[PDB]
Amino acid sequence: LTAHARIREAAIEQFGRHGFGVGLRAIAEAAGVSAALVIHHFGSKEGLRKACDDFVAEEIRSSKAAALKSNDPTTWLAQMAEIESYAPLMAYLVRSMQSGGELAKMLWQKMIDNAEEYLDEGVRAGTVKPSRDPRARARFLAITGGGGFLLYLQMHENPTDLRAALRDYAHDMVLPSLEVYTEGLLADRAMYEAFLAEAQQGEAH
């Protein structure tokens, strides 16, 4: 019960730090239990990777949806306090794209589905504007939002002190994002109108 979780916590730290070829012996050890107990809980190395994948998607879906269902900003500020505590996750999350094995591709797909889900939750709660194509919107925001942070750390000073990186992202990125996501960027619907027209005619014939 707490046993499942301690093992899962451990694997995320190990897959984060040392990658996937890491020792299940080290995993059991970090966890502080037998290698056998680990196999009973997760079946294979694969079964453990997915159990970590699944969990990562859920920890951020539950975190985003929380921030989006409340129009109480103190829950956001509080949330941004603990930003450094997501380092163990993110670490794992980056190994996933690097080790871009289809097990990884199946994750971003689930995270995308999770983005649609909670953006809609927030639309319903009134924190986020409704969209003309929420599915597309979710996709766009996940690719850029996520691919954004990925790029942020490759170019960071210390690409492994995820705690630092996350702090520096919060400093660097939070404010201008909120600006663009609250005010927009373009000055009029000029270009939006244009492209829409080019596509509604494209749909017509």
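All residue numbers refer to positions in the sequence shown, first residue = 1.
- 177-185 set against 6-14, stretch whose average Cα temperature factor tops the other in the entry: Comparing 6-14 with 177-185, the higher average CA B-factor belongs to 6-14.
*Comparing 111-119 with 98-106, which has the greater mean CA B-factor as deposited?*
Per the PDB entry, the higher value belongs to 98-106.
- Task: Kindly indicate the residue among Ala170, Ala164, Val33, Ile143 with the greatest C-alpha B-factor in the PDB record.
- Result: If I rank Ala170, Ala164, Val33, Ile143 by C-alpha B-factor, first place goes to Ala164.
Legend entry - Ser44, C-alpha B-factor rank within chain (lowest, middle or highest third): For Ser44, whose C-alpha B-factor we compare with every modelled residue in the chain, the answer is the lowest third.
Which third of the chain holds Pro88 when residues are ordered by C-alpha B factor: lowest, middle or highest? Within its chain, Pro88 is a middle-third residue by C-alpha B-factor, going by the deposited values.
Discussion item. When the deposited Cα B-factors of this chain's modelled residues are ordered and cut into thirds, is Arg139 in the lowest, the middle or the highest one?
Written reply: Answer is lowest: the recorded C-alpha B-factor places it there.
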